[PDB]
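Protein chains in written order, with the authors' numbering: chain A, 1 to 310; chain A', 1 to 310; chain C, 1 to 310; chain C', 1 to 310; chain D, 1 to 153; chain B, 1 to 153. A prime marks a further copy of an entry chain.
Idealized CB from N, CA, C, for every residue including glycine.
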Amino acid sequence: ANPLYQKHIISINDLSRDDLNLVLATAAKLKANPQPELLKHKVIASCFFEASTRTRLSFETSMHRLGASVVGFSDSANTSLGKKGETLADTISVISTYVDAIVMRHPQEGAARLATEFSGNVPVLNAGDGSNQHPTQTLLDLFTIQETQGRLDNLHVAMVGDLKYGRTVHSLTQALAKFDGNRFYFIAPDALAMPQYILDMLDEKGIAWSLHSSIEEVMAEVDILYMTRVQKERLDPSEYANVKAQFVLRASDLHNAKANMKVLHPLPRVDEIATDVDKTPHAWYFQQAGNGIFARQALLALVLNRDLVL
Amino acid sequence: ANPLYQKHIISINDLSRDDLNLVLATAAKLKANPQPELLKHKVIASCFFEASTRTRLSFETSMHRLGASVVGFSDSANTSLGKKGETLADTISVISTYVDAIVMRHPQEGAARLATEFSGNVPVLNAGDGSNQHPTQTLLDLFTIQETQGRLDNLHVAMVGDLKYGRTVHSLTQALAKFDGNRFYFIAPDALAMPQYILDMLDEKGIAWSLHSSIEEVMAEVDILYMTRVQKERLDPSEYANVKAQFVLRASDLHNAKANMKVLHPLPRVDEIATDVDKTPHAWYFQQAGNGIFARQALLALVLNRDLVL
Amino acid sequence: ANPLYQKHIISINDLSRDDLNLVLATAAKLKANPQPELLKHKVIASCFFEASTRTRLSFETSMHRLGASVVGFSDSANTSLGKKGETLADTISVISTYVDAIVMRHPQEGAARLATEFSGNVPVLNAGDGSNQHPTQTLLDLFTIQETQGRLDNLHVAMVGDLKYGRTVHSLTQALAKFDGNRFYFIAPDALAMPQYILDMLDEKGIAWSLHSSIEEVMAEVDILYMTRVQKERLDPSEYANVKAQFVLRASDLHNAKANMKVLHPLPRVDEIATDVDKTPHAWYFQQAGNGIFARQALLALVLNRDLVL
Amino acid sequence: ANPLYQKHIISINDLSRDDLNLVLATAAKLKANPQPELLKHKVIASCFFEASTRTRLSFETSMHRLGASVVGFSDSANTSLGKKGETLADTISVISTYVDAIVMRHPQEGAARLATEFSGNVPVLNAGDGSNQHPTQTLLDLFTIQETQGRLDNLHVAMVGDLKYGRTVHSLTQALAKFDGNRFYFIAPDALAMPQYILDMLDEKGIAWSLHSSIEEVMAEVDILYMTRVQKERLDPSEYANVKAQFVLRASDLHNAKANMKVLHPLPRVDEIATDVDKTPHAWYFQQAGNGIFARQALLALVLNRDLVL
Amino acid sequence: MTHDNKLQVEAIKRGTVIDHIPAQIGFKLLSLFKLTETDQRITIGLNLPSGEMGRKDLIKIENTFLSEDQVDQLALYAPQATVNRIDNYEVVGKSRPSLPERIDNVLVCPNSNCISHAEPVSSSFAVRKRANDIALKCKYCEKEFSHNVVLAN
Amino acid sequence: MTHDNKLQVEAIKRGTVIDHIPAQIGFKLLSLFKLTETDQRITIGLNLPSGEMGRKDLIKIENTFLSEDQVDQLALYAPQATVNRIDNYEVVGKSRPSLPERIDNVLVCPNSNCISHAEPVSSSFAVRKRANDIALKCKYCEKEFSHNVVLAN
Ligand SMILES: Nc1ccn([C@@H]2O[C@H](COP(=O)(O)OP(=O)(O)OP(=O)(O)O)[C@@H](O)[C@H]2O)c(=O)n1
Ligand SMILES: Nc1ccn([C@@H]2O[C@H](COP(=O)(O)OP(=O)(O)OP(=O)(O)O)[C@@H](O)[C@H]2O)c(=O)n1
Ligand SMILES: [Zn+2]
Ligand SMILES: [Zn+2]
């Protein structure tokens with residue numbers, strides 16, 4: 001069967017270099033020659049115990065462009081499961097008798113992994129579990145880095161913002177550290193820096209990384225600028241408004257960038273990327289969100305189909 | 001046409017022995033040889049004026065495994081119909097011009113029956129109306145009793161918990177009292193006992209029933225143990241924690257049970273069934289929730305198809 | 001120094017006959033000559049962690065009528081304490097640092113008595129703790145029986161309504177059993193019966209009691225008729241309304257009551273006592289609420305004053 | 001007329017050493033002989049636009065202990081002002097039209113000082129303004145250091161906890177720097193460090209301070225140990241719990257503390273100070289809350305009285 | 001000598017030997033009454049042959065005299081347990097547990113709404129042999145429960 | 001059968017002796033690893049006088065042979081213990097513990113947003129980095145903590 005056939009997709013840590021490449025390969029084929037009746041007669045459950053409109057619609061549009069049916073829910077001040085008394089384990093034990101696959105996003109970490117022990121042979125795919133993991137965002141980021149830069153190794157990647165708590169930046173570094181020769185520049189407020197564990201990992205593999213103070217310091221060498229949003233909740237309004245003469249991106253700042261330099265952002269991009277960046281060649285966050293469709297279609301097709309000869 | 005063709009499914013009281021058997025027969029066939037394009041081009045409305053995740057997803061997965069389309073809603077602190085001023089009658093009069101069938105769950109009793117007088121020739125199926133009725137739970141319970149025990153008559157059925165207000169236990173007794181020779185054991189807190197009307201009915205038919213004080217008293221003779229949840233709302237915390245040395249189920253208690261004895265629970269099972277029961281042969285509440293799919297598929301196929309030659 | 005000086009009025013089972021009569025003879029003196037400056041310069045805390053307007057306005061007015069200042073909060077409307085994880089032991093160890101007595105209502109049973117472990121020498125008076133005690137409602141009830149009947153012994157007292165969950169009928173029956181030759185008539189629907197622990201305590205003291213299903217059976221003999229409100233959520237809609245809602249008093253039923261008979265009701269009354277009853281001389285529910293002023297005044301006077309000159 | 005007569009107590013940086021000592025010697029006299037009618041006939045407003053029970057009950061009790069009346073509101077529980085678009089300038093221009101002083105807490109920093117522009121001659125006392133000042137918590141802290149240590153200079157004061165966002169450690173360090181030869185020990189996790197602007201101010205005045213990672217390093221030398229609560233939302237779940245949650249005091253750590261050492265904590269304490277600490281003679285957090293009564297009484301006396309005879 | 005019994009016994013000099021602990025209450029008692037938080041020599045025997053009473057447990061705590069109050073608490077668990085003190089190599093007192101008046105600390109209120117659950121409080125129940133059983137009234141919520149409801153939770 | 005005595009107690013007929021338990025880990029080990037839920041005679045020696053640690057604890061379980069990875073769950077608490085396997089009065093085997101790769105069920109994830117708290121799963125930690133000081137990663141939330149921290153609460 002294909003390597004990922006009937007597999008659970010919970011952590012980027014559990015998918016090897018080749019599994020990542022397999023996904024990215026399939027997604028490039030599904031982008032090219034669509035197959036809209038591939039999951040005809042499958043029913044997938046879209047269990048968003050935590051609400052994400054953008055992520056839920058990317059997933060359900062993925063389910064539907066491969067012809068699958070969808071049952072599910074989202075939850076803010078609403079609809080029953082969990083309540084208190086109803087265990088996650090019993091929700092999954094009950095929903096595993098109804099569906100063919102479970103995509104779920106939950107606020108506590110490891111909820112997707114707990115689920116895997118109750119879904120029987122029904123695959124479960126993680127769409128977010130607290131501050132732990134979000135594999136399908138990493139998968140679409142790497143597909144966007146591969147189709148714009150041409151490769152996934154030997155890249156000069158700049159990571160910016162709340163590096164301490166952007167869950168997508170912790171995953172993306174783990175994954176880009178399975179390919180070879182990548183150099184990392186980490187521009188964060190020191191209140192919001194890369195944890196020592198990411199850094200401690202990167203040195204065992206021998207990867208080169210550096211920490212800078214503002215994007216202007218690396219604009220000239222960088223291929224991917226991955227911008228993250230700085231979270232006003234865990235910052236004082238006065239601290240937040242104080243850092244440097246900022247770390248937001250404007251087209252003036254880009255006058256130095258390489259021609260193939262692209263700016264990525266998992267979104268939402270409230271104010272760290274100004275509207276004038278949107279019209280430059282380097283802006284790629286919306287094209288990045290469209291590639292969510294192809295990355296998610298690839299994962300669902302490999303999980304639910306034994307052999308895909310596309 | 002088949003007996004139930006274009007019929008309204010509102011109360012278990014209105015479906016005869018043979019109608020129940022017809023449903024159970026169809027469900028066994030749809031479980032065996034699935035027909036996923038049977039309601040191709042039908043649109044069903046899933047109107048949950050009261051939220052139930054488990055019931056809503058079982059129904060919509062039923063609609064989708066027979067190829068139907070779904071429009072609908074659920075409601076807690078949300079989306080418009082009813083509001084106050086908007087009658088249920090006018091909601092149904094408007095939705096009956098859009099869909100081919102209406103599955104609805106509503107908090108006031110008889111809402112499904114009121115609906116029947118406004119839906120024109122659009123069938124309406126009751127998914128819960130207050131404390132009155134829930135036919136499709138009774139239908140899946142009887143399908144689970146029939147496929148595990150082999151028959152629906154001459155059973156020694158034990159009913160446990162809040163017998164006074166479990167709506168599924170009132171229905172299940174009505175329905176099992178249309179088949180022959182069943183013996184009932186009703187183990188309830190006397191604050192929570194079988195109403196005199198169920199009992200008064202059962203004696204007119206000549207059915208044998210008894211009331212016991214704890215499951216341990218009948219464990220040896222029983223074929224179905226149907227466990228219900230005891231509702232802490234209408235009980236004092238001190239009363240609730242006082243009753244007997246309880247009426248919860250643990251595997252220790254099962255050491256006496258017959259080999260074909262199964263434990264059923266409409267779910268959720270918060271604490272009256274401990275986790276160690278889950279690993280015994282007698283545990284059948286999750287398999288019971290999967291049979292919801294087959295029982296609901298059967299009802300929708302018979303209501304919307306004239307003759308089903310499956 | 002009087003016996004109640006600086007005591008905690010936590011429970012009716014801690015106050016003796018003599019204690020009860022002392023509060024009731026002081027209530028009668030304050031009712032007759034006011035002492036509006038007796039608690040001058042005392043500051044009292046009125047902590048109602050669970051809102052109860054009726055009880056608060058009355059405790060505070062009687063604080064104001066003896067000249068004390070009041071600081072405090074009504075909550076179940078998020079007035080900030082309980083935030084972070086401030087234990088009740090800690091709140092009461094900070095509040096007793098500056099007030100001279102604490103009046104408190106709280107949702108969990110036992111909270112006033114725990115407050116007592118932390119207040120030092122500041123007396124704690126209980127204004128209600130969950131389904132456990134309410135001393136000051138039993139003290140005003142008693143005062144109203146004594147003032148209108150001339151005695152607290154040799155009474156024929158009927159208790160009507162929800163006798164199972166009604167916190168005040170349970171305490172007034174324990175107080176009246178402190179006295180002699182009282183006779184009880186309980187008239188309650190089957191599901192709202194007076195608990196065995198009350199009945200067992202009554203038997204054990206040789207007190208006479210009996211159950212009747214109609215007020216009409218006992219009207220003639222009755223001196224105090226204490227009516228309780230049934231909350232309809234303790235039963236279902238159709239139960240409440242079915243033959244069990246006839247625990248309602250109308251003026252026509254008073255036809256033959258003794259000239260001295262009084263109708264008492266802790267309130268809110270919603271429909272168990274019809275409005276036409278108010279015009280009769282037997283209606284004493286509002287005069288009973290008025291008497292809450294002198295019974296709470298007396299407890300505050302006796303607890304904060306060493307010696308009292310009357 | 002005394003220096004504070006009719007002043008606005010908005011910020012600790014506006015009160016001099018002499019001002020501080022005047023409030024603290026008055027607090028000591030009111031603590032020793034009460035003046036319970038000094039503010040007779042004065043009406044004071046207690047405006048807490050952001051709820052804070054601890055602070056309110058204490059400001060109001062100390063108003064009551066000098067004989068003043070109080071009118072006012074606690075909100076963050078929609079008590080109608082702020083409706084339509086009533087600016088704060090307008091609310092304070094109407095409230096100062098009839099009260100003799102305003103005590104106010106508000107969520108935005110700077111609100112008390114703006115109130116000052118609109119009150120005319122009615123003094124405004126700040127009970128907290130966002131993350132900016134809280135004069136009256138620093139005044140009660142100081143009074144508790146002076147009363148237990150005999151002095152406010154030559155102290156060895158350790159500050160433990162979240163030093164970065166803790167509004168009261170920042171002000172007490174500015175007040176103590178008004179005095180002589182005090183020595184500071186800061187013990188904070190890395191993410192909760194004492195801000196540079198405090199440290200720069202300390203350096204510039206020749207005051208000595210040092211950072212330690214364990215209380216055990218400094219216990220022996222310490223006179224006042226001021227503990228702050230860490231709010232877990234300022235860190236993540238796993239950060240809070242990881243090696244950084246060891247800023248918690250237990251009785252065993254007090255082993256070697258000087259006989260005069262006291263533990264102070266503005267409160268709520270949730271777990272940073274274990275309950276066994278309360279039995280030690282060094283626990284002074286509750287006696288510190290009690291002292292809030294005399295420091296707030298003194299400020300109200302000094303601000304509303306021309307001349308004060310002591 | 002041998003019909004085994006002893007096999008060169010842990011005969012102690014000063015101490016408390018609690019013998020005839022009902023089987024399985026043996027470990028329960030160490031936990032609940034925190035008997036191992038001591039530095040003195042304890043020797044415990046679990047599931048001993050007690051042909052004479054089926055199975056039993058036995059704790060030997062040395063240079064410790066566990067008494068009066070302490071002995072009576074064990075009543076709820078090991079009601080047939082003989083405590084024996086030993087002053088200098090043999091039995092000096094051999095006490096039996098009697099039901100106490102109050103049971104503190106060890107026991108939880110069944111009442112989910114009782115305040116004892118969220119707070120820094122030591123549980124406390126007033127014991128009443130309501131002939132047939134023992135009822136336990138909580139100090140705080142003042143609800144009364146059979147000792148069997150409490151002894152699970 | 002052979003001359004027990006009790007400063008160092010003697011001979012069980014076949015079974016396991018976990019000797020050289022540091023002081024006060026003995027009871028912890030009986031609690032955590034539920035060693036008491038056997039009908040076998042267990043004999044336990046607590047605060048005992050020998051083998052230089054000075055005072056040690058000891059557990060003797062007859063007829064049960066718990067081994068190889070059972071012996072290794074012991075490593076975090078009792079790393080210097082010896083687990084003597086015995087047949088017919090002779091120590092036919094002596095093991096010590098080594099860090100296991102996985103410690104199930106006994107620990108509690110310190111991350112409070114971990115899902116493990118609320119559910120019918122048991123804890124599981126991946127273990128690593130011998131004697132310079134152990135890190136434990138939760139199976140579910142994948143947060144790596146210092147063993148000192150999980151082992152506190
Ligand atoms: N120096 C001693 C003396 C007595 N014991 C213990 O103290 C207990 C006292 O029991 P004893 O009165 O000596 O004879 P028994 O018949 O066993 O007492 P009982 O009637 O309670 O069974 C015995 O378990 C014995 O091991 C001891 O350990 N060391
Ligand atoms: N049938 C036996 C034989 C021995 N032991 C126990 O086995 C343990 C240790 O085994 P042993 O090699 O016989 O003594 P040591 O040489 O001291 O073992 P080590 O040096 O590893 O501590 C001792 O505590 C002793 O009580 C036992 O209880 N039963
Ligand atoms: Zn209790
Ligand atoms: Zn975890």
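Self-check item: Neighbourhood of A:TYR98 by C-beta, 8 Å cutoff - its chain only, sequence neighbours within 5 removed
Solution: Within the same chain, A:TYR98 has close Cβ partners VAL43, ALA45, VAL71.
Self-check item: Buried or exposed by the 16-neighbour rule on C-beta atoms within 10 Å, applied to A:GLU37
Solution: In summary, A:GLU37 is exposed, with fewer than 16 beta-carbon neighbours lying within 10 Å of its beta-carbon over all protein chains present.
Quiz prompt | Closer than 9 Å to chain A' by CB, C:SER213 | solution = Taking Cβ atoms only, chain A' never reaches closer than 9 Å to C:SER213, which makes this a no.
Exercise. Mind checking who A:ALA259 pairs with in its DSSP beta bridge?
Key: Note: A:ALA259 sits in no beta bridge, so no partner.
Quiz item: To which residues of the same chain is A:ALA101 closer than 8 Å at the C-beta, ignoring the five residues directly before and after it?
Solution: Non-local beta-carbon contacts of A:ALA101 in its own chain, meaning distances under 8 Å to residues more than five positions away in sequence, involve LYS42, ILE44, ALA45, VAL122, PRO123, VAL124, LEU125, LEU300, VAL303, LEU304 in chain order.
Practice problem: Check whether the Cβ of D:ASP19 sits closer than 8 Å to any heavy atom of ligand 1, and report yes or no. | Solution: Yes, the Cβ of D:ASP19 comes within 8 Å of a heavy atom of ligand 1.
Practice problem: Would you mind telling me which residues of chain A' sit closer than 8 Å to C:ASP236, beta carbon to beta carbon, in chain order? | Solution: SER131, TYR165, listed in chain order.
Quiz item: Is there contact between the stretch 62 to 78 of chain A and the stretch 65 to 80 of chain A', where contact requires at least three CB pairs shorter than 8 Å?
Solution: Yes: at least three Cβ pairs fall under 8 Å.
Quiz item: By DSSP, does A':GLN231 sit in helix, in strand, or in coil?
Solution: Here A':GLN231 sits in coil by DSSP.
Quiz item: Just how far apart, CA to CA, sit B:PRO22 and B:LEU32?
Solution: Roughly 16 Å separates the two Cα atoms.
Exercise. Quick one: grab the DSSP three-state call for A:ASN126.
Key: Of the three classes helix, strand and coil, the one that applies to A:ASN126 here is strand, per DSSP.
Exercise. Measure the beta-carbon distance from C:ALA27 to C:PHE294 and round it to whole angstroms, keeping in mind my assumption that it falls under 8 Å.
Key: Indeed, because the Cβ distance is near 4 Å, the residues count as touching under 8 Å.
Quiz item: Residues near ligand 3, CB to any non-hydrogen atom under 5 Å, in chain order?
Solution: Working through the chain, the matches are D:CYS109, D:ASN111, D:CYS114, D:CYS138, D:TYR140, D:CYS141.
Quiz prompt | Per-residue contacts from B:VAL108 into chain C' (C-beta, under 9 Å) | solution = Neighbours of B:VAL108 on chain C': none; closest Cβ ~11 Å, over 9 Å.
Practice problem: Taking C:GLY85 as the query, report the chain C' residues whose CB atoms sit under 8 Å from its CB, ordered along the chain. | Solution: Within 8 Å Cβ-Cβ: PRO268, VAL270, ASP271.
Quiz item: What residues of chain C' sit near B:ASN132, judged by a beta carbon separation below 9 Å?
Solution: Near B:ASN132 there are no residues of chain C' at all, since even the closest Cβ is about 16 Å away, more than 9 Å.
Practice problem: Indicate whether D:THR43 and B:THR82 have their beta-carbon atoms separated by less than 9 Å. | Solution: Contact: no.
Practice problem: Determine whether the Cβ of C:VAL99 lies closer than 9 Å to any Cβ atom of chain C'. | Solution: Output row for C:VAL99: interface = yes.
Practice problem: Measure the Cβ-Cβ separation of C:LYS262 and C:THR168 and say whether it is below 9 Å. | Solution: In this structure, C:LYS262 keeps its C-beta atom at 9 Å or more from the C-beta atom of C:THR168.
Practice problem: State yes or no: is the beta carbon of B:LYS137 nearer than 9 Å to at least one beta carbon in chain D? | Solution: No, its Cβ sits nowhere closer than 9 Å to a Cβ of chain D.
Quiz prompt | Spatially closest choice to C:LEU152 from C:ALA158, C:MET159, C:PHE143, by CA coordinates | solution = Looking at the Cα atoms, C:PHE143 is the closest of the given residues.
Quiz item: Nearest chain A C-beta to C':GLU221 closer than 9 Å, yes or no?
Solution: Taking a beta-carbon distance threshold of 9 Å, C':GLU221 does not count as an interface residue toward chain A.
Quiz prompt | Contact belief for D:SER98 with D:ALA75 at Cβ below 8 Å, rounded distance in angstroms | solution = Rounded to the nearest angstrom, the Cβ distance from D:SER98 to D:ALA75 is 6 Å, consistent with a contact under 8 Å.
Exercise. For D:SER116, decide whether its Cβ has a neighbour in chain A', counting only Cβ atoms nearer than 9 Å.
Key: No, D:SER116 lies away from the interface with chain A' (no Cβ there is under 9 Å from its Cβ).
Practice problem: State yes or no: is the C-beta of B:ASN84 nearer than 8 Å to some heavy atom of ligand 2? | Solution: B:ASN84 Cβ: within cutoff of ligand 2.
Self-check item: CA-to-CA distance, A':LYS178 to A':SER16, given in whole angstroms
Solution: Rounded to whole angstroms, A':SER16 to A':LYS178 spans 8 Å at the Cα level.
Practice problem: Have a look at C':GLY292 and C':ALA68 and give me their C-alpha separation to the nearest angstrom. | Solution: A direct Cα-Cα distance of roughly 17 Å separates C':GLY292 from C':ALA68.
Quiz item: According to DSSP, is C:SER171 helix, strand or coil?
Solution: Looking at C:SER171 - three-state DSSP - the assignment turns out to be helix.
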